[PDB]
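Below: the structure, in structure tokens.
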Amino acid sequence: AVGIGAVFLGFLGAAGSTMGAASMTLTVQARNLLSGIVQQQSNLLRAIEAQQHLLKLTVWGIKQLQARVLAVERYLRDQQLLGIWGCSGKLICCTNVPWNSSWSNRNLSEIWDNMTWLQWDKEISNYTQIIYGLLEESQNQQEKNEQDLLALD
Amino acid sequence: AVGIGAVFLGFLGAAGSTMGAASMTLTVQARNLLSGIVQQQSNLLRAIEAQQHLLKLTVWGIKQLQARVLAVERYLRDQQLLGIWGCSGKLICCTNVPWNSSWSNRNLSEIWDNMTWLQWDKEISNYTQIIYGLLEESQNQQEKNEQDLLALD
Amino acid sequence: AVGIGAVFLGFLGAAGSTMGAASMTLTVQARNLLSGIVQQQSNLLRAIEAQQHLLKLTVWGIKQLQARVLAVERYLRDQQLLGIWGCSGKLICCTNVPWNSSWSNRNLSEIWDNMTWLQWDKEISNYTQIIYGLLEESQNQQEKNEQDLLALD
Amino acid sequence: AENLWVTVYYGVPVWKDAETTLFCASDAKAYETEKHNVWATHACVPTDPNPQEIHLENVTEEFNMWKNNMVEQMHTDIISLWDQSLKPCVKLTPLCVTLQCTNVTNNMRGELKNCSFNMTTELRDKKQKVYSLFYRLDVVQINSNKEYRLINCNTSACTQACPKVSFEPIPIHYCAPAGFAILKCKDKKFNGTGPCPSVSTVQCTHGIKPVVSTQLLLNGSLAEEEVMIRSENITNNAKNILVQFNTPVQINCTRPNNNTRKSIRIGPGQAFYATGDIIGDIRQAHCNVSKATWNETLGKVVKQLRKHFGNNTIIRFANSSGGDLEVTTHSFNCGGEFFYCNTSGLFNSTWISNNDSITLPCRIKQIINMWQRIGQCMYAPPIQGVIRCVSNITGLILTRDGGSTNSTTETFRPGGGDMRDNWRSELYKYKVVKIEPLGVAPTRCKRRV
Ligand SMILES: *[C@@H]1O[C@H](CO)[C@@H](O[C@@H]2O[C@H](CO)[C@@H](O[C@@H]3O[C@H](CO)[C@@H](O)[C@H](O)[C@@H]3O)[C@H](O)[C@H]2NC(C)=O)[C@H](O)[C@H]1NC(C)=O
Ligand SMILES: *[C@@H]1O[C@H](CO)[C@@H](O[C@@H]2O[C@H](CO)[C@@H](O[C@@H]3O[C@H](CO)[C@@H](O)[C@H](O)[C@@H]3O)[C@H](O)[C@H]2NC(C)=O)[C@H](O)[C@H]1NC(C)=O
Ligand SMILES: *[C@@H]1O[C@H](CO)[C@@H](O[C@@H]2O[C@H](CO)[C@@H](O[C@@H]3O[C@H](CO)[C@@H](O)[C@H](O)[C@@H]3O)[C@H](O)[C@H]2NC(C)=O)[C@H](O)[C@H]1NC(C)=O
Ligand SMILES: *[C@@H]1O[C@H](CO)[C@@H](O[C@@H]2O[C@H](CO)[C@@H](O[C@@H]3O[C@H](CO)[C@@H](O)[C@H](O)[C@@H]3O)[C@H](O)[C@H]2NC(C)=O)[C@H](O)[C@H]1NC(C)=O
Ligand SMILES: *[C@@H]1O[C@H](CO)[C@@H](O[C@@H]2O[C@H](CO)[C@@H](O[C@@H]3O[C@H](CO)[C@@H](O)[C@H](O)[C@@H]3O)[C@H](O)[C@H]2NC(C)=O)[C@H](O)[C@H]1NC(C)=O
Ligand SMILES: *[C@@H]1O[C@H](CO)[C@@H](O[C@@H]2O[C@H](CO)[C@@H](O[C@@H]3O[C@H](CO)[C@@H](O)[C@H](O)[C@@H]3O)[C@H](O)[C@H]2NC(C)=O)[C@H](O)[C@H]1NC(C)=O
Ligand SMILES: *[C@@H]1O[C@H](CO)[C@@H](O[C@@H]2O[C@H](CO)[C@@H](O[C@@H]3O[C@H](CO)[C@@H](O)[C@H](O)[C@@H]3O)[C@H](O)[C@H]2NC(C)=O)[C@H](O)[C@H]1NC(C)=O
Ligand SMILES: *[C@@H]1O[C@H](CO)[C@@H](O[C@@H]2O[C@H](CO)[C@@H](O[C@@H]3O[C@H](CO)[C@@H](O)[C@H](O)[C@@H]3O)[C@H](O)[C@H]2NC(C)=O)[C@H](O)[C@H]1NC(C)=O
Ligand SMILES: *[C@@H]1O[C@H](CO)[C@@H](O[C@@H]2O[C@H](CO)[C@@H](O[C@@H]3O[C@H](CO)[C@@H](O)[C@H](O)[C@@H]3O)[C@H](O)[C@H]2NC(C)=O)[C@H](O)[C@H]1NC(C)=O
Ligand SMILES: *[C@@H]1O[C@H](CO)[C@@H](O[C@@H]2O[C@H](CO)[C@@H](O[C@@H]3O[C@H](CO)[C@@H](O)[C@H](O)[C@@H]3O)[C@H](O)[C@H]2NC(C)=O)[C@H](O)[C@H]1NC(C)=O
Ligand SMILES: *[C@@H]1O[C@H](CO)[C@@H](O[C@@H]2O[C@H](CO)[C@@H](O[C@@H]3O[C@H](CO)[C@@H](O)[C@H](O)[C@@H]3O)[C@H](O)[C@H]2NC(C)=O)[C@H](O)[C@H]1NC(C)=O
Ligand SMILES: *[C@@H]1O[C@H](CO)[C@@H](O)[C@H](O)[C@H]1NC(C)=O
Ligand SMILES: *[C@@H]1O[C@H](CO)[C@@H](O)[C@H](O)[C@H]1NC(C)=O
Ligand SMILES: *[C@@H]1O[C@H](CO)[C@@H](O)[C@H](O)[C@H]1NC(C)=O
């Protein structure tokens with residue numbers, strides 16, 4: 001089916017809906033980023049199973065095994081990067097960096113109410129490595145400000 | 001050897017103690033669930049060392065490496081599943097899902113003061129896939145309610 | 001270059017500077033502790049890619065894969081250990097263990113203002129397994145005191 | 001509000017039963033004897049010398065040794081470790097050639113044949129007349145003098161076992177991968193199937209040693225309480241009975257020939273170890289066990305079998321009736337030489353509910369074929385001089401028959417099967433479980449926003 005607010009109970013099913021309504025599904029796209037390794041860990045196995053000898057057709061299993069370490073390592077790197085911005089516990093964060101509208105001139109309605117996330121990706125992809133810099137620095141000084149504001153005890 | 005409070009300084013040693021007293025030892029299983037990999041990374045070794053040629057017996061080490069990737073990945077999935085309930089920082093959480101006493105009629109004393117965790121498992125394993133669904137949704141709306149509050153102020 | 005405060009944009013670049021000024025760098029060490037796997041995953045490739053015979057040499061690739069599973073696993077163990085002290089989201093924590101100055105007689109100025117982190121390590125490596133034990137137990141009771149403070153509602 | 005709220009815990013002490021790949025560890029002094037004087041240790045990583053049991057207080061749960069997964073992993077590991085110990089060694093293919101033969105001279109026996117044949121030198125264009133001794137079981141008459149081939153030579157090639165690699169069984173430990181635990185049933189009256197009322201966890205097993213033998217089993221571990229007898233059902237004849245003794249009974253075995261190895265170059269850097277000569281008198285290989293302590297030991301196993309079979313049932317033993325050599329005989333490797341012995345000296349007695357040695361003869365083979373794998377012949381080289389072994393007989397395998405005429409339902413015979421139940425003898429008390437560290441449980445506490 002096609003519309004808004006419907007297929008959010010399946011993986012990626014929201015993707016053509018506008019950014020506002022797509023904000024509710026995030027847990028599904030998140031859960032399935034890693035737990036899909038169930039399609040691997042149920043069945044990766046050496047010889048003596050459906051196989052008898054021909055051991056190389058199971059050491060060929062380095063294809064399937066390499067895909068697993070790449071998947072956890074991408075996941076874990078995202079969780080690091082979300083950690084160093086001071087945001088580790090959460091699917092959403094508010095953060096103290098003001099939006100420089102030179103990164104996009106667009107108003108608060110049209111971003112949430114008209115665009116898909118795929119349409120928004122094509123704008124801020126020019127500026128994202130600035131924004132990750134500002135987030136890191138804003139958190140890094142905040143950790144030290146908090147430490148002083150306890151150290152004044 | 002045999003009794004309450006005594007063997008808690010060892011892995012699983014609490015398992016026959018009642019749920020209240022076992023609740024102190026949770027860090028010990030949590031640590032040994034991953035760091036037991038010391039008994040792998042200290043001693044996994046390849047060609048020249050202990051072995052020369054017989055090359056399928058170096059490539060036999062895929063069993064040991066495959067166990068390591070399953071261990072880190074099965075652990076990492078718990079940190080995801082504990083994270084989306086809004087709870088990743090902690091060994092304990094209070095949460096705003098009410099206990100539907102259909103899942104068990106048993107009162108607050110007898111669950112903490114009489115049963116062992118292996119006994120409680122065999123009740124709630126009927127209902128747990130309801131309870132995980134409720135916990136996810138209870139956090140998913142809470143993230144949004146907080147974002148509105150930080151905005152409307 | 002040689003100084004204080006200069007090469008903090010570089011991996012390890014702070015290492016000879018004093019513990020105070022070195023504290024601003026911590027993000028740069030933390031980021032390269034895991035994401036340096038870019039140098040591995042960009043070129044560790046089996047099918048085709050300039051290589052399609054003598055494939056003993058792509059099973060010899062198990063050395064390069066073994067280093068990846070070590071790196072993710074050693075990092076993930078730090079995040080567990082930093083987690084159970086009640087500190088998982090942060091580069092810095094204040095904590096409720098009092099400093100027994102038998103672990104070092106040195107005053108608060110000379111530790112932050114004179115020493116490098118490499119000099120400090122060589123003192124506290126006597127007492128580190130005491131301090132980790134105290135941190136663990138200090139948190140393990142703090143979780144329970146908070147559960148009671150929520151239970152007295 | 002007074003009603004309860006769900007609270008989540010991590011690292012709760014809970015587990016469930018699971019299939020998982022155990023990893024093997026070997027004791028460090030064998031590992032320090034690097035580059036494989038024996039197999040397994042070259043791959044089986046060094047042990048931590050701290051095995052560290054913990055008694056799981058108040059615990060009680062069902063073990064079943066018949067449906068246990070780790071016996072099948074042991075069986076599959078041992079086969080793989082065996083093959084790779086042979087894979088680097090010389091393929092003996094050029095020996096599959098026509099032989100001229102005659103009986104041996106300097107001796108009762110007709111078991112040794114003396115045989116002559118043509119064999120390639122290292123130089124491709126040059127070949128030699130050469131001769132060696134073989135057992136009557138290694139050769140077949142292909143046919144004036146009689147003329148022969150090796151037994152295997154119509155069905156497969158064979159690998160010569162490398163002389164530097166010993167068949168002696170080292171201790172092996174099986175260790176749990178992270179987030180799994182081994183459980184060990186501690187109860188000294190455990191029979192292999194039921195709720196064990198006292199358990200320990202451990203990170204890694206006993207030093208299990210991978211011996212191999214047919215009708216009876218030796219150098220393995222033995223229970224302290226009583227002779228234990230156990231089976232997947234007992235009453236169904238097609239199931240084995242495993243018997244484990246309360247004490248060892250001690251066997252001496254010998255090969256009294258002063259044996260001489262000779263070396264033949266097959267090719268450029270390839271050599272075959274011929275049986276060269278037997279000096280002194282030729283005499284039979286054989287084994288001894290004390291008639292007194294053997295008779296006493298059967299006197300104890302009979303008292304156990306009476307618990308399952310009435311009271312004055314006429315329990316009796318007989319030899320391993322019929323079939324080929326490998327079912328009809330007790331079989332093992334001693335010192336790097338394979339034995340086959342006819343145990344009817346032991347299993348020939350009858351019982352009613354009221355100082356010197358047995359000597360049982362043996363036979364030897366140079367070609368062997370383990371686990372009946374049709375293509376995997378291998379050739380074990382001759383070993384120098386007189387050789388002998390001492391072992392603890394730990395326990396034995398029995399098979400039953402239906403009502404033999406009337407009264408008795410208990411003609412027992414020394415059994416066998418796949419070698420797999422030799423592992424089930426040592427793994428009789430272990431189990432493996434997966435930890436489930438998450439838990440959810442109700443209490444009167446709530447979070448705030
Ligand atoms: C197909 O995707 C597009 C974006 O890629 C959606 O565009 C517009 O999104 C807004 C939400 O801010 C829609 O408003 C709501 O639409 C539903 C269905 O029409 C209606 O039940 C609600 O009362 C509300 O009007 C808006 O209609 C929609 N279109 C325009 C021209 O603005 C679009 O929603 C998706 N298609 C459908 C049929 O949902
Ligand atoms: C084996 O586990 C059982 C529980 O499954 C333990 O039995 C008894 O458990 C109760 C709580 O259900 C304990 O009661 C409390 O004891 C303290 C000290 O006596 C008292 O101050 C409290 O008011 C309350 O009565 C009890 O101590 C405990 N033990 C006995 C002997 O009753 C049992 O402890 C475990 N086995 C062993 C050998 O410890
Ligand atoms: C080389 O590393 C050493 C420590 O391993 C540094 O030693 C001392 O560190 C203090 C900081 O608490 C220095 O004070 C500050 O130095 C900078 C640079 O000279 C200056 O801009 C500040 O006004 C302040 O003086 C101190 O000078 C230094 N030396 C002594 C004798 O205490 C050292 O700073 C590093 N080398 C350089 C050239 O920075
Ligand atoms: C197995 O068969 C082989 C080959 O037929 C026999 O080996 C040969 O035995 C004869 C004696 O029966 C040897 O000849 C004697 O050699 C000595 C050398 O000092 C000489 O003094 C004597 O006058 C006589 O010539 C012969 O060397 C030996 N080898 C060959 C290649 O012919 C063998 O006897 C049979 N039995 C055994 C137990 O090996
Ligand atoms: C080792 O290699 C040699 C040389 O190939 C073999 O010796 C030869 O064996 C053949 C077949 O038995 C003999 O053939 C017979 O010769 C007589 C006389 O010519 C003839 O009447 C028969 O009909 C038959 O053709 C041959 O004489 C014999 N010697 C030579 C010098 O060729 C030998 O059999 C191989 N094996 C052993 C164990 O030595
Ligand atoms: C090994 O030892 C266990 C006890 O440690 C033996 O457990 C017994 O298992 C049998 C079935 O194999 C049970 O029999 C059943 O009992 C119920 C009673 O309600 C009856 O309705 C069924 O018709 C059947 O007879 C038995 O209760 C159970 N417990 C005891 C104490 O005997 C197990 O049989 C032993 N296995 C061997 C091969 O020795
Ligand atoms: C296994 O049991 C048999 C029978 O008890 C043992 O055989 C006996 O061994 C002794 C020592 O070797 C023999 O004594 C010697 O006999 C020769 C020939 O008569 C004589 O020249 C020597 O001076 C000495 O008396 C004894 O005859 C022999 N008995 C029989 C009936 O064969 C055997 O040693 C036991 N042990 C093993 C490891 O097999
Ligand atoms: C199991 O035990 C029985 C009884 O001890 C063994 O029976 C005997 O088997 C042998 C052949 O292995 C028979 O030998 C022969 O003797 C007859 C004359 O009696 C002769 O004509 C034949 O040519 C042959 O040489 C023997 O008759 C037979 N019975 C007796 C009383 O000895 C049986 O072999 C044992 N099987 C195993 C594998 O232990
Ligand atoms: C059951 O275990 C015993 C005890 O380990 C095995 O018998 C053998 O015991 C002797 C004495 O420890 C070993 O002797 C040694 O032999 C080497 C040369 O091979 C030599 O360098 C040493 O000085 C010492 O004399 C003997 O090797 C050992 N045999 C084996 C095969 O390990 C017995 O073999 C075991 N049972 C079975 C069925 O293997
Ligand atoms: C190991 O296996 C053999 C069967 O292969 C067992 O049976 C024995 O076999 C021999 C013949 O090979 C029997 O000899 C017979 O003796 C009578 C005497 O009256 C004679 O008339 C026959 O012509 C023949 O020579 C021998 O009797 C037989 N054993 C028994 C107990 O009858 C042998 O017993 C087995 N070894 C052991 C230690 O049990
Ligand atoms: C297997 O068990 C049978 C009994 O079920 C044994 O039967 C007989 O046992 C005797 C002593 O072992 C054998 O020796 C001869 O006995 C006569 C008795 O008159 C004696 O005069 C002779 O001097 C000699 O000692 C006897 O041959 C044997 N008879 C039969 C029918 O087997 C049998 O010996 C047992 N076999 C083994 C290897 O244990
Ligand atoms: C012993 O030698 C003779 C004559 O060569 C032969 O007939 C007999 O079959 C041989 N015996 C055996 C058991 O091979
Ligand atoms: C020794 O064997 C004889 C005959 O089988 C038997 O009478 C005796 O009871 C056995 N010894 C013991 C202690 O049972
Ligand atoms: C029958 O055998 C059992 C086990 O040995 C024993 O407990 C019982 O007393 C015996 N009964 C008779 C009548 O012999």
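Following the order of the structure tokens, chains are lettered A, B, ..., residues in each are numbered from 1, and ligands are numbered from 1.
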Give me the residues within 7 Å of region 41-46 of chain D as an NGL selection string, counting only C-alpha atoms and dropping any in the same chain fewer than 4 places off. (:B and (43-44 or 50-51 or 57-58)) or (:D and (24-28 or 30-31 or 35-36))
Give the residue list for ligand 3 at 10 Å, counting only C-alpha atoms and all ligand atoms, as an NGL selection string, sorted by chain and then by residue number. :C and (1-6 or 14-21 or 109-119)
Grab the residues selected above and save them as a PDB file, in the first residue's frame with N, CA and C atoms.
```
ATOM      1  N   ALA C   1      56.836  19.181  16.514  1.00  0.00           N
ATOM      2  CA  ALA C   1      56.845  20.280  17.506  1.00  0.00           C
ATOM      3  C   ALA C   1      57.032  19.749  18.932  1.00  0.00           C
ATOM      4  N   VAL C   2      57.497  20.585  19.862  1.00  0.00           N
ATOM      5  CA  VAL C   2      57.556  20.271  21.300  1.00  0.00           C
ATOM      6  C   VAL C   2      57.016  21.438  22.127  1.00  0.00           C
ATOM      7  N   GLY C   3      56.161  21.143  23.109  1.00  0.00           N
ATOM      8  CA  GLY C   3      55.474  22.170  23.880  1.00  0.00           C
ATOM      9  C   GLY C   3      54.483  21.619  24.901  1.00  0.00           C
ATOM     10  N   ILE C   4      53.421  22.401  25.075  1.00  0.00           N
ATOM     11  CA  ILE C   4      52.149  22.112  25.745  1.00  0.00           C
ATOM     12  C   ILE C   4      51.013  22.678  24.868  1.00  0.00           C
ATOM     13  N   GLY C   5      49.890  21.968  24.722  1.00  0.00           N
ATOM     14  CA  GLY C   5      48.695  22.508  24.047  1.00  0.00           C
ATOM     15  C   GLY C   5      48.678  22.510  22.507  1.00  0.00           C
ATOM     16  N   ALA C   6      49.723  22.033  21.819  1.00  0.00           N
ATOM     17  CA  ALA C   6      49.873  22.235  20.373  1.00  0.00           C
ATOM     18  C   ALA C   6      49.236  21.130  19.507  1.00  0.00           C
ATOM     19  N   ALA C  14      49.194  14.785  22.405  1.00  0.00           N
ATOM     20  CA  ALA C  14      49.303  15.369  23.727  1.00  0.00           C
ATOM     21  C   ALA C  14      50.289  14.668  24.673  1.00  0.00           C
ATOM     22  N   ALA C  15      50.793  13.470  24.371  1.00  0.00           N
ATOM     23  CA  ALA C  15      51.282  12.533  25.391  1.00  0.00           C
ATOM     24  C   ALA C  15      52.361  13.066  26.346  1.00  0.00           C
ATOM     25  N   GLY C  16      53.215  13.987  25.904  1.00  0.00           N
ATOM     26  CA  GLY C  16      54.244  14.591  26.756  1.00  0.00           C
ATOM     27  C   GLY C  16      53.807  15.831  27.541  1.00  0.00           C
ATOM     28  N   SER C  17      52.602  16.340  27.303  1.00  0.00           N
ATOM     29  CA  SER C  17      52.051  17.499  28.012  1.00  0.00           C
ATOM     30  C   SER C  17      51.490  17.119  29.384  1.00  0.00           C
ATOM     31  N   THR C  18      51.299  18.095  30.272  1.00  0.00           N
ATOM     32  CA  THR C  18      50.864  17.791  31.641  1.00  0.00           C
ATOM     33  C   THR C  18      49.374  17.429  31.744  1.00  0.00           C
ATOM     34  N   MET C  19      48.984  16.642  32.754  1.00  0.00           N
ATOM     35  CA  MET C  19      47.669  15.985  32.847  1.00  0.00           C
ATOM     36  C   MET C  19      46.494  16.943  32.705  1.00  0.00           C
ATOM     37  N   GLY C  20      46.612  18.158  33.237  1.00  0.00           N
ATOM     38  CA  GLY C  20      45.614  19.210  33.095  1.00  0.00           C
ATOM     39  C   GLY C  20      45.345  19.522  31.631  1.00  0.00           C
ATOM     40  N   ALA C  21      46.306  20.132  30.941  1.00  0.00           N
ATOM     41  CA  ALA C  21      46.169  20.475  29.529  1.00  0.00           C
ATOM     42  C   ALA C  21      45.866  19.261  28.640  1.00  0.00           C
ATOM     43  N   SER C 109      47.750  20.176  43.011  1.00  0.00           N
ATOM     44  CA  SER C 109      48.422  20.942  41.965  1.00  0.00           C
ATOM     45  C   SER C 109      49.405  20.073  41.190  1.00  0.00           C
ATOM     46  N   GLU C 110      50.350  19.412  41.857  1.00  0.00           N
ATOM     47  CA  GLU C 110      51.442  18.760  41.136  1.00  0.00           C
ATOM     48  C   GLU C 110      50.958  17.625  40.225  1.00  0.00           C
ATOM     49  N   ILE C 111      49.887  16.922  40.597  1.00  0.00           N
ATOM     50  CA  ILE C 111      49.305  15.893  39.732  1.00  0.00           C
ATOM     51  C   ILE C 111      48.722  16.479  38.447  1.00  0.00           C
ATOM     52  N   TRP C 112      48.008  17.605  38.491  1.00  0.00           N
ATOM     53  CA  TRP C 112      47.394  18.179  37.289  1.00  0.00           C
ATOM     54  C   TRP C 112      48.352  19.069  36.507  1.00  0.00           C
ATOM     55  N   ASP C 113      49.350  19.638  37.172  1.00  0.00           N
ATOM     56  CA  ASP C 113      50.140  20.740  36.630  1.00  0.00           C
ATOM     57  C   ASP C 113      51.583  20.364  36.276  1.00  0.00           C
ATOM     58  N   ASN C 114      52.131  19.296  36.868  1.00  0.00           N
ATOM     59  CA  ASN C 114      53.518  18.894  36.630  1.00  0.00           C
ATOM     60  C   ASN C 114      53.611  17.617  35.792  1.00  0.00           C
ATOM     61  N   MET C 115      52.872  16.574  36.158  1.00  0.00           N
ATOM     62  CA  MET C 115      53.059  15.235  35.595  1.00  0.00           C
ATOM     63  C   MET C 115      52.434  15.074  34.216  1.00  0.00           C
ATOM     64  N   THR C 116      52.956  14.175  33.390  1.00  0.00           N
ATOM     65  CA  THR C 116      52.242  13.636  32.224  1.00  0.00           C
ATOM     66  C   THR C 116      51.400  12.433  32.633  1.00  0.00           C
ATOM     67  N   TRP C 117      50.407  12.045  31.832  1.00  0.00           N
ATOM     68  CA  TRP C 117      49.631  10.838  32.135  1.00  0.00           C
ATOM     69  C   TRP C 117      50.491   9.570  32.168  1.00  0.00           C
ATOM     70  N   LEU C 118      51.526   9.482  31.328  1.00  0.00           N
ATOM     71  CA  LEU C 118      52.482   8.372  31.361  1.00  0.00           C
ATOM     72  C   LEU C 118      53.271   8.306  32.668  1.00  0.00           C
ATOM     73  N   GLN C 119      53.538   9.433  33.324  1.00  0.00           N
ATOM     74  CA  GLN C 119      54.182   9.419  34.638  1.00  0.00           C
ATOM     75  C   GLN C 119      53.207   8.976  35.725  1.00  0.00           C
TER      76      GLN C 119
END
```
Taking only C-alpha atoms into account, find every residue of chain C that has an atom no more than 9 Å from chain A, and write it out as number ranges by chain. C: 24, 27, 30-31, 34-35, 37, 41, 46-47, 59, 62, 65, 68-69, 72, 76, 88-94
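Contacts with ligand 11 are defined as any residue atom within 12 Å of a ligand atom, using only C-alpha atoms and all ligand atoms; the residues meeting this criterion are residues 291, 295, 316, 317, 318, 319, 342, 343, 344, 345, 346, 347, 348, 349, 350, 351, 357, 358, 359, 360 and 361 of chain D.
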The selected residues should be written to file as a compact mmCIF listing (two decimals), in the first residue's frame (atoms: N, CA, C and O atoms).
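Saved as selection-v3.txt:
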```
# COMPACT_ATOMS: atom_id res chain seq x y z
N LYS D 291 43.49 -63.58 37.62
CA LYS D 291 42.25 -64.36 37.68
C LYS D 291 41.46 -64.06 38.94
O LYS D 291 40.24 -63.98 38.90
N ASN D 295 37.78 -62.27 38.63
CA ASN D 295 36.65 -63.03 39.14
C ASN D 295 35.90 -62.25 40.23
O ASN D 295 34.68 -62.15 40.19
N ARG D 316 24.78 -64.88 33.26
CA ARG D 316 25.95 -65.57 32.70
C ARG D 316 26.58 -64.80 31.55
O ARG D 316 25.91 -64.06 30.85
N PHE D 317 27.86 -65.04 31.32
CA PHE D 317 28.65 -64.35 30.31
C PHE D 317 29.07 -65.31 29.21
O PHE D 317 29.25 -66.50 29.45
N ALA D 318 29.24 -64.80 28.00
CA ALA D 318 29.70 -65.54 26.84
C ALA D 318 30.58 -64.64 25.97
O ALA D 318 30.56 -63.42 26.11
N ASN D 319 31.35 -65.21 25.05
CA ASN D 319 32.23 -64.45 24.17
C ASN D 319 31.47 -63.76 23.04
O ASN D 319 30.29 -64.01 22.80
N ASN D 342 41.24 -62.18 21.58
CA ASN D 342 39.96 -62.89 21.73
C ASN D 342 39.63 -63.17 23.20
O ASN D 342 40.04 -64.16 23.78
N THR D 343 38.84 -62.28 23.79
CA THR D 343 38.51 -62.17 25.22
C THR D 343 37.68 -63.30 25.83
O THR D 343 37.27 -63.19 26.98
N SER D 344 37.46 -64.42 25.15
CA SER D 344 36.70 -65.53 25.73
C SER D 344 37.33 -66.14 26.98
O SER D 344 36.63 -66.82 27.72
N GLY D 345 38.60 -65.88 27.27
CA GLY D 345 39.20 -66.22 28.57
C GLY D 345 38.56 -65.48 29.75
O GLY D 345 38.51 -66.01 30.85
N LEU D 346 38.06 -64.26 29.52
CA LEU D 346 37.42 -63.41 30.52
C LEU D 346 35.92 -63.68 30.64
O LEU D 346 35.41 -63.88 31.74
N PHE D 347 35.20 -63.66 29.52
CA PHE D 347 33.74 -63.72 29.48
C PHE D 347 33.24 -65.15 29.27
O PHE D 347 32.65 -65.47 28.24
N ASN D 348 33.47 -66.02 30.24
CA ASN D 348 33.05 -67.41 30.18
C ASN D 348 32.72 -67.93 31.59
O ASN D 348 33.55 -68.54 32.25
N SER D 349 31.54 -67.58 32.11
CA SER D 349 31.14 -67.85 33.50
C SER D 349 29.63 -67.83 33.66
O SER D 349 28.93 -67.21 32.87
N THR D 350 29.11 -68.42 34.74
CA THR D 350 27.68 -68.43 35.07
C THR D 350 27.48 -68.28 36.58
O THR D 350 28.28 -68.80 37.35
N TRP D 351 26.44 -67.56 37.01
CA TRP D 351 26.26 -67.13 38.40
C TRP D 351 24.87 -67.43 38.94
O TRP D 351 23.86 -67.16 38.29
N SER D 357 47.48 -65.62 36.72
CA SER D 357 46.91 -64.78 35.66
C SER D 357 46.20 -65.59 34.58
O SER D 357 46.73 -66.57 34.07
N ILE D 358 45.03 -65.11 34.15
CA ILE D 358 44.50 -65.42 32.82
C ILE D 358 45.47 -64.86 31.79
O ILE D 358 45.95 -63.74 31.97
N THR D 359 45.76 -65.60 30.72
CA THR D 359 46.49 -65.08 29.56
C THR D 359 45.66 -65.25 28.31
O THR D 359 45.32 -66.37 27.95
N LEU D 360 45.34 -64.15 27.63
CA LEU D 360 44.52 -64.16 26.42
C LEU D 360 45.37 -63.76 25.20
O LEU D 360 46.12 -62.79 25.27
N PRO D 361 45.35 -64.55 24.11
CA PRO D 361 46.22 -64.34 22.97
C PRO D 361 45.76 -63.19 22.09
O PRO D 361 44.58 -62.84 22.08
```
Identify every residue of chain D that has at least one atom within 12 Å of any atom of chain A, counting only C-alpha atoms, and report the result as number ranges by chain. D: 19-21, 72-73, 75-77, 79-80, 83
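Pocket residues of ligand 7, taken as those with any atom at most 6 Å away using only C-alpha atoms and all ligand atoms, are residues 252, 253, 254, 287, 288, 357 and 359 of chain D.
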Cut-off 6 Å, only C-alpha atoms and all ligand atoms, neighbours of ligand 4 as a list in words: residues 104, 114 and 277 of chain D
I need the residues in region 220-445 of chain D that are alpha helix (DSSP H) according to DSSP; give them as JSON, numbers by chain. {"D": [291, 292, 293, 294, 295, 296, 297, 298, 299, 300, 301, 302, 303, 304, 305, 306, 307, 308, 325, 326, 327, 328, 420, 421, 422, 423, 424, 425, 426]}
Test item: residues no farther than 8 Å from ligand 6, counting only C-alpha atoms and all ligand atoms, as a PyMOL selection string: chain D and resi 190-196+229-234
Could I get the residue neighbourhood of ligand 12 at 6 Å, counting only C-alpha atoms and all ligand atoms, as number ranges by chain? D: 102-103, 110
Selection from above, N, CA and C atoms, as a CSV table (one decimal), in the first residue's frame, can you write it?
```csv
chain,number,residue,atom,x,y,z
D,102,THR,N,56.7,-66.6,0.9
D,102,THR,CA,56.9,-67.8,1.6
D,102,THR,C,56.7,-67.7,3.1
D,103,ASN,N,56.4,-68.8,3.8
D,103,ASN,CA,56.3,-68.7,5.3
D,103,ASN,C,57.7,-68.3,6.0
D,110,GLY,N,51.5,-69.7,11.9
D,110,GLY,CA,51.7,-69.5,10.5
D,110,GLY,C,51.4,-68.0,10.0
```
